[PDB]
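An overview of the molecular structure
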Amino acid sequence: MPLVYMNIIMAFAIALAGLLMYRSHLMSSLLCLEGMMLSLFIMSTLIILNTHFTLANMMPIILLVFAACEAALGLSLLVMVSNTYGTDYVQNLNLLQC
Amino acid sequence: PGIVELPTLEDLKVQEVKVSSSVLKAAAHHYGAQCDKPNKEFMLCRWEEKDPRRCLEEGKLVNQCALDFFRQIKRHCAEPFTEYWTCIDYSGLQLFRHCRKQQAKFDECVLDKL
Amino acid sequence: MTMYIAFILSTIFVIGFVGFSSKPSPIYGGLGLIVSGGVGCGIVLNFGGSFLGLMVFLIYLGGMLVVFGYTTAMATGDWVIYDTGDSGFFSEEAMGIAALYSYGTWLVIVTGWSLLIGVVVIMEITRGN
Amino acid sequence: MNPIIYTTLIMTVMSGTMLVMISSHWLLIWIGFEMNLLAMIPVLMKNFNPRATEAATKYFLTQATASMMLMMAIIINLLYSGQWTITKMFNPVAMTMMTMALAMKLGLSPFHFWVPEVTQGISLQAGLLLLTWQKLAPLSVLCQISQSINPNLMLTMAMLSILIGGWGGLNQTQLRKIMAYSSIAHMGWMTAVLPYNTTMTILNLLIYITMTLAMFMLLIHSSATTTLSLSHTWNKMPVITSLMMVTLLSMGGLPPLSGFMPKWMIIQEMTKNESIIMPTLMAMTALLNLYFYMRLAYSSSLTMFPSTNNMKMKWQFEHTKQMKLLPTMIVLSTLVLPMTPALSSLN
Amino acid sequence: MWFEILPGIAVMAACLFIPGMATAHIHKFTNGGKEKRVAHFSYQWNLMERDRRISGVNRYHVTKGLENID
Amino acid sequence: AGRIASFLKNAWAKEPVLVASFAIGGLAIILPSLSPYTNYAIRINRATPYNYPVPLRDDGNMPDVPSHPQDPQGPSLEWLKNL
Amino acid sequence: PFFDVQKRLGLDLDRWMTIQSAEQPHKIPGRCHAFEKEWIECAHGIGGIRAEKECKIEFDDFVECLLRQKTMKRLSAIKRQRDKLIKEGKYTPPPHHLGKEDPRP
Amino acid sequence: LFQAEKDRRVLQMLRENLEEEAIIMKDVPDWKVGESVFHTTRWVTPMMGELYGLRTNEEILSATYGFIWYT
Amino acid sequence: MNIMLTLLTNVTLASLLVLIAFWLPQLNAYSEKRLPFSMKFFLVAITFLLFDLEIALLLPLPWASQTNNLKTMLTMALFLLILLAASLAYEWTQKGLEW
Amino acid sequence: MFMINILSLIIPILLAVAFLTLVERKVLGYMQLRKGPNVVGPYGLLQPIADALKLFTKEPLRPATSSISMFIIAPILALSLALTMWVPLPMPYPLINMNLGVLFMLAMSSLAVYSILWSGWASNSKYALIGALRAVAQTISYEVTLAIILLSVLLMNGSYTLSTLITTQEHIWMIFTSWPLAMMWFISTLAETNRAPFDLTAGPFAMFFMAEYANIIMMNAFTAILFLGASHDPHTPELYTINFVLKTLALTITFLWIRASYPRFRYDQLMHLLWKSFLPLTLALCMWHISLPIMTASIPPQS
Ligand SMILES: CCCCCCCCCCCCCCCCC[C@@H](O)O[C@H](CO[C@H](O)CCCCCCCCCCCCCCC)COP(=O)(O)OCC[N+](C)(C)C
Ligand SMILES: CCCCCCCC/C=C\CCCCCCCC(=O)O[C@H](COC(=O)CCCCCCC/C=C/CCCCCCCC)COP(=O)(O)OCCN
């Protein structure tokens, strides 16, 4: 497993870590999710092209589309959250508690 | 686990055909029509053995037959053929369509000659 | 060997990823993600994925991150593992992608249904009340 | 929302779950998970209020993170072996990655934090859907790859889930959070037997689904979301409270009721694999679940809490809409112990 | 009158004349007096590489005709 | 029958773009299934050689496979040239 | 769990995209087609545990074809030894490596 | 003809690499010259780094990215 | 390399021109003296994103036309476009394209 | 000699967009019963030089509170994209020959909105932010139908290669095969560049102006290649170059014609125009052009 794959998994790791740190600004959480998807697409495309798996060339497209769909969903939710509070801050979602 | 076996450099020595891609393209149809049998030997053996190390003799045979074909072409119609390949070389995509007139000459020459 | 161009591109990828992972000023995070996406599409293009890299550059950058920036503005080692043979008189990536309509009938059906349901769901959520 | 739209969304959720269940390609399983998540959000937000929106946002974030982790695991498994089929995982890193992904999807501890809040925010029907139907696809995926999972991580997370559910159920006054913690504990019980027997997992899943369906339908029939609001039901329909008390006793694993069937069998199978300490710990921990079920029974049926005058008008009305299969769910979740050996049907 | 617009337009035309024509001459100056060979699909690229190896001067456009067959 | 014709009239006025779009869509949907040249297009797609035709080893029991390209046996592409 | 609807109805909904050696368009082969074919033939109709204990050689060959860890390690060792020996100054590189030597079609 | 020339060229590069590896590894204790990394004896198509590994960087970059970068 | 060099040249020339434009007039001494969050624009952005995803799905058609499964490819492409038109119609009739 | 080729591609485009301002002014004046600039120079032939020097000598107004970073990035990106767009164009031989030239141009046009977005954000004004959001939404909305029309038209070409469009139109123009698509494409190109009737919105301003006008000439050249094909003789490319330049000039003069001939739309009016008249018809024509080669057995060759 070469060094470029190491770099891409490392980028995915930083994206996941940044998603889990949660300073504020849920939009940053969506950005971290979307960077995770971009890293997934990059690594999957590299794997598929290196091994010449022809029929697997569909898988990136599909994945991208689905993730982008999820992106829209998140944005919509974010907007509604903002409409309730005026800001997309993380701490404003403290109504429900354990 | 094991040692790979590779043929010696002497076994890969053969009189390579030394024409450009345009020259090969110009005579491609006659090359396929005339040199078909050794080419089919080589291709069938290559697709059956799945081993480059077991297909050297047929490669030498197809090179020899191609050399024979080009020697005949040079002997019989050097002038007609030269004009035709030259036209092909000029085109960026090496299109047959662009210079039909040259082809009519070469073909008839070959039809008269060989 | 241009000093491991793929390695340099990967390093810039990780650099942009850690730049936007600190989550400063979400517009700046989007800028870092733009740079990272461009670098990754460059990685794909240099590897040989012309159409998939151009899909990244078109879809991702021009629609998805553009919508992200729009909504934000609303608010406040290589060369060794490579191949040896040729592809023929075409490109394997394009044929594999275009085989979607011949082989991936199930994939097209499920993806189209998901897209239509997504449109419906977006309208449902954005209605409000 | 529009009844046609609601039916379409429900069918889309069920179709995504079925696609996960009947597919053999990893990308199709991921697509089914994405479809389920995409169609689940409006269902959680059918009744619009800030609570529902916040719960839906929490659920979406958790499920999107879990799906990203699952796709990363699939990509790693493909990288170390060019395979897309759902089989042996061929890699330990991919296995632990997708193990945590499925644990987060199922709400198993330590990924249990979202379950009580998402259940509390959404309505009773959406809570029923979330706690019953949304457990089939991840459990099916786990059952398909049970030979590759590391027993240590499975057992640790299952024991943590049971302990956390038992401890957290004690401090709750809201019934929906009680249901969420009960679901967490039962999920730990289901998961603790996956490395040994998936048939036990499926049997426990069926029993738990029947019990929680009966309990949720009883809670919908008597529109109560809190212990105090539930304490008033005896003055309008005591039969409902009596059936509820019997079902609550069953949910605690008390013999000869139905809830004793899974635990017993699970314990037996674990003792077949020379594991004695863990089943004992799980039983003594489920004692806490039984304790808070008994407290709810005390506050529900075995004693008569004070009532209100305005209940008299409620005496003059009958439920216009009646749920079907509720008697069947209660009977199945209470009195099917003598037909225990039927589990040989590989349910 | 209206033909007084023509001078500036002419300049524009001259400007738009320069790039493409220049490229053509460039492609004729660098590719041995012929069109620049296009290479998609990786087969004609192999043809160009073989021509470069055959020529002996490390230039693909130096064609070796029949006189090189001996 | 009168209601449908009246609806088509009312739609052709004050809504011509939608009428044209629906007409073109219906024609594009229905016409290919009854056009006789789709089989010709399929046959043309079959006739394009992208790969090398690998010959078969002879065993003296294949009278239909030609031994040389010029041999009369095998598929004939005269139909395409006549088009 | 797994409801094998495809095998019951003979549908082939998603089995065409599972493996490299399964009917690629235009007969384009995978990079490790033969290795995966051999592994599948070894492990077919035997079960999981027996496939893992008995078809270990085929899977090792397939994974080596996929990732080329051994080949890269050997090439890196050769490169390291040649670089060290050239730094010491006892080996002179051949003309073919230099690129001075003429190419063959 | 292109196929035949390709096999001959690839075999020649492999033979030269074997000769230089044998020259290079005369002194290392546990090495074996021209040893395969596969259990099987079937022919395996060599990688890009197997043929051009011991050659110059200019030809390495050519053989790797010539078709990709040619425009 | 050629595309890299072209991009580098364009970027360098643009940077030089902008730098000169911003600095040449800066050397001579001179005087040197909300909430609304409209939803319709967000909706149009979202539907643009969804239609862009469907366009991305539709893109490989020029190579999809040479497959020997002409009936299947034609049916699948017409199905994709029918679903696209259905999404547009659904957004139209539910008052989703209004101002 | 590649750098010389790049320079000989770049500089003439800058000179052409320099003199296009004078051509537009003179054409508008003569269409308005007056003259254009005819005093500074023999026929205003030195007017662009005077305007360039005057713009390059005038003080720039930094808002004193704006973010400098994106404020300076935006014109660089705009001008770089405008100059990069010309690269794949075959006239008749492209500087860089790409397989997916059309996809490259589409991706760069998609990138083009980022300059507008960043300039709007960096203005530090709510009104300018509203205007920028409005323009970005319009641009992406018309980009949708741009992409759909482009793919439906290329379905009769066989590939995304730009040079093959010359071979495709060897005998007939594609204006005859699909004039409705060309009509909608012309209107969409008018809409993308914020030109009349869709134009609802010193140094950096000058750079943005060059980017916009280079985009205009680019779009006219692309339309001319796409729909008004010329005959290319490999033994004389100058004929194709002259034909292409003349058609591009005709299309640009036509752009000035619609600018001088009509009033402008409202924003909701053009949004409704697109989403309720072009998109349905565009989808119908996309299905029609998908089915047409199959039903007539005239599928383009390359794959
Ligand atoms: C049997 C049960 C029916 C009721 C249950 C339905 C469940 C939900 C509906 C989805 C299931 C539909 C089955 C379609 C599976 C796709 C595969 C099958 O159709 O065969 C294909 C045939 O394709 C068909 O044309 C598919 C057309 C069906 C799609 C049209 C309508 C889609 C509606 C489905 C539901 C979508 C949402 C609701 C819409 C109203 C394969 O083509 P073929 O060429 O042999 O082989 C290709 C492989 N090669 C290349 C190696 C040779
Ligand atoms: C079966 C084939 C389907 C696929 C082909 C279609 C391709 C794409 C076309 C559809 C795109 C989206 C269409 C969305 C329809 C929206 C309908 C609607 O709600 O609009 C109404 C207006 O339109 C209607 O009244 C409903 C549709 C009217 C009928 C349209 C044509 C019906 C079919 C005609 C052709 C039939 C087939 C051809 C036969 C001709 C002979 C060959 C409201 O208008 P407002 O903008 O709100 O303004 C009102 C205030 N003044």
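Residues numbered from 1 in each chain as written, not as in the entry; some residues may be left out. Chains lettered and ligands numbered in written order. Part of a larger assembly, values for the part shown. Heavy atoms only, no water. Residues with missing side-chain atoms left out of burial classes, pairs and counts.

In the PDB header, cryo-EM is given as the technique by which the entry was determined, and 3.3 Å as its resolution.

The next thing to look at is the site of ligand 2. Surveying the vicinity of ligand 2 reveals 14 residues, the closest of which are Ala23(F), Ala89(I), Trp92(I), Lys276(J) and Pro280(J). Around ligand 2, the neighbouring residues derive from chains F, I and J rather than from a single chain. The side chain of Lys276(J) places a nitrogen or oxygen atom 3.2 Å from an oxygen atom of ligand 2. Coverage of ligand 2 by the protein chains reaches 57% of its 1,300 Å² of free accessible surface. Listing elements by their share of the shell around ligand 2, those giving two or more residues are helix 1 (2-12) and helix 2 (16-34) of chain F, helix 4 (70-93) of chain I together with helix 12 (267-296) of chain J. Counting residues per element, the shell around ligand 2 draws most heavily on helix 2 of chain F, at 6 residues. Class assignment for the residues of the shell around ligand 2 results in 12 nonpolar, 1 polar and 1 charged. (Near = heavy atom within 4 Å. Polar contact = N/O pair within 3.5 Å; in protein donor to acceptor, adjacent residues only side chain to side chain. Areas by Shrake-Rupley, 256 points an atom, 1.4 Å probe, with all protein chains shown as cover. Helix = DSSP H or I, 4+ residues; strand = E, 2+ residues; numbered from the N terminus. Nonpolar A, V, L, I, M, F, W, Y, C, P; charged D, E, K, R; others polar.)

Turning next to the environment of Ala6(C). Within the secondary structure, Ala6(C) sits in helix 1 (residues 5-21). The class for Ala6(C) is buried, based on a relative accessible area of 11%. Residues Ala6(C) and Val44(C) lie 38 residues apart in sequence; the distance between their C-alpha atoms is 9.7 Å. When sequence neighbours within four positions are dropped, the list of residues in contact with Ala6(C) reads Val4(A) and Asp78(C). (Buried < 20%, exposed > 50% of the residue type's maximum accessible area, 1.4 Å probe, protein only. Contact = heavy atoms within 4.5 Å.)

Time to look at the interface of chain J and chain I. Every contact between the two is made by 55 residues of chain J and, on the other side, 45 residues of chain I. Note on chain J versus chain I: buried area summed over both sides is about 5,000 Å², and carbon and sulfur give 82% of it. The largest share of the area that chain J buries against chain I comes from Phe56(J), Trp275(J) and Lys276(J), three residues that together contribute 12% of it. Applying the counting rule to chain J against chain I returns 1 salt bridge. Across the pair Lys276(J) and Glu98(I) runs a salt bridge whose closest N-O atoms are separated by 3.5 Å. Joining chain J to chain I, the criterion identifies 5 residue pairs in polar contact. For the side of chain J that touches chain I, the element with the most residues is helix 12 of chain J, which contributes 14 residues. When grouped by side-chain class, the residues that make up the side of chain J that touches chain I number 39 nonpolar, 10 polar and 6 charged. (Buried area = accessible area lost by both parts, 1.4 Å probe. Salt bridge = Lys/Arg side-chain N within 4 Å of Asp/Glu carboxyl O.)

Let's shift gears to the state of the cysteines. Following the criterion strictly, the structure yields 3 disulfides over all chains and no others. Across the disulfide, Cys87(B) is cross-linked to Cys99(B) (sulfur-sulfur distance 2.0 Å). Taken together, the positions of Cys87(B) in helix 5 (residues 78-90) and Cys99(B) in the loop between helix 5 and helix 6 (100-113) put the pair 12 residues apart, joining distant regions of the chain. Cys99(B) carries the same exposure label as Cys87(B), and that label is buried. Here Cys32(G) is linked by a disulfide to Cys65(G), with a sulfur-sulfur distance of 2.0 Å. Every disulfide takes its handedness from the sign of the S-S torsion; for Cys32(G) and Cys65(G) that torsion is -100°, giving left-handed. One end of the pair, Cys32(G), is in the loop between helix 1 (5-9) and helix 2 (33-43); the other, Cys65(G), is in helix 4 (residues 56-67), and 33 residues separate them in sequence. (Disulfide = S-S within 2.5 Å.)

Let us look at the packing of helix 2 of chain F against helix 4 of chain I. At a minimum axis separation of 11 Å, helix 2 of chain F and helix 4 of chain I run at an interaxial angle of 155°. Looking at the two axes, helix 2 of chain F sits roughly antiparallel to helix 4 of chain I. Relative to helix 4 of chain I, the crossing made by helix 2 of chain F is left-handed. For the pair formed by helix 2 of chain F and helix 4 of chain I, the contact residues are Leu18(F), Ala28(F), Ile29(F) and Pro32(F) on the first element and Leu74(I), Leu78(I), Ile82(I) and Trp92(I) on the second. Of the residues in the contact of helix 2 of chain F with helix 4 of chain I, the class split is 8 nonpolar, no polar and no charged. (Axes fitted to C-alpha atoms, helices over the stretch in contact; angles between N-to-C directions. Parallel < 35°, antiparallel > 145°, perpendicular 65-115°, else oblique. Left-handed = near helix turned anticlockwise from the far one by under 90°.)

The next point concerns the nonpolar core. One finds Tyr60(C), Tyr101(C), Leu107(C), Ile31(D) and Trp86(J) to be the most contacted residues of the largest nonpolar core, which totals 410 residues. Excluding anything up to four places from it in sequence, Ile31(D) contacts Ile62(A), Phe66(A), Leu107(C), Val110(C) and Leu19(D). Ranked by size, the runner-up nonpolar core spans 27 residues in total, among them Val23(B), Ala27(B), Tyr31(B) and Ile88(B). (Core = buried A, V, L, I, M, F, W, Y, C linked by side-chain atoms within 4.5 Å.)

Our focus in this paragraph is a nonpolar patch on the surface. Residues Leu3(A), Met6(A), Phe7(C), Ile8(C) and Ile12(C) make up a contiguous nonpolar surface patch of about 410 Å² in total accessible area. Among the secondary structure elements, those contributing two or more residues to the nonpolar patch are helix 1 (3-21) of chain A together with helix 1 of chain C. If you tally residues by element for the nonpolar patch, the top one is helix 1 of chain C, at 3 residues. Here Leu3(A) is to be found in helix 1. (Patch = residues over 30% accessible without salt bridge, like charges linked within 9 Å, V, L, I, M, F, W, Y side chains within 5 Å.)

Another aspect to go through is unusual backbone geometry. Look at the link from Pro255(D) to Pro256(D): it is a cis peptide, with omega at 0°. Relative to the assigned elements, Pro256(D) resides in the loop between helix 12 (238-251) and helix 13 (260-272). For the bond running from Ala196(J) to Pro197(J), omega is 5°, close enough to zero to count as cis. Summarising the element assignment, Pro197(J) is placed in the loop between helix 9 (179-192) and helix 10 (203-227). At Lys27(G), a position not held by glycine, the phi torsion is positive, near 60°. Within the fold, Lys27(G) resides in the loop between helix 1 and helix 2.

Before going further, it helps to examine the site of ligand 1. As a structural note, the neighbourhood of ligand 1 is formed by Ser102(C), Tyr103(C), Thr105(C), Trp106(C), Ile109(C), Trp113(C), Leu13(G), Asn69(I), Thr72(I) and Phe79(I). Counting residues per element, the ones that place at least two in the shell around ligand 1 are helix 5 (105-127) of chain C together with helix 4 of chain I. At 4 residues, helix 5 of chain C tops the list of elements feeding residues into the shell around ligand 1. Residues that form the shell around ligand 1 fall into these classes: 6 nonpolar, 4 polar and no charged.

This part takes up the interface of chain A and chain C. With 53 residues of chain A at the interface, the matching set in chain C holds 57 residues. Summing both partners gives a buried area of about 4,700 Å² for chain A against chain C, and 84% of it is carried by carbon and sulfur. When the buried area of chain A at its contact with chain C is split by residue, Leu31(A), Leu38(A) and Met58(A) rank highest and sum to 13% of it. If you look at where chain A meets chain C, you find 0 salt bridges. Connecting chain A to chain C are 5 residue pairs in polar contact. At the level of elements, helix 1, helix 2 (26-50) and helix 3 (58-85) of chain A are the ones that each hand at least two residues to the side of chain A that touches chain C. Along the lines of polarity and charge, the residues of the side of chain A that touches chain C split into 39 nonpolar, 12 polar and 2 charged.

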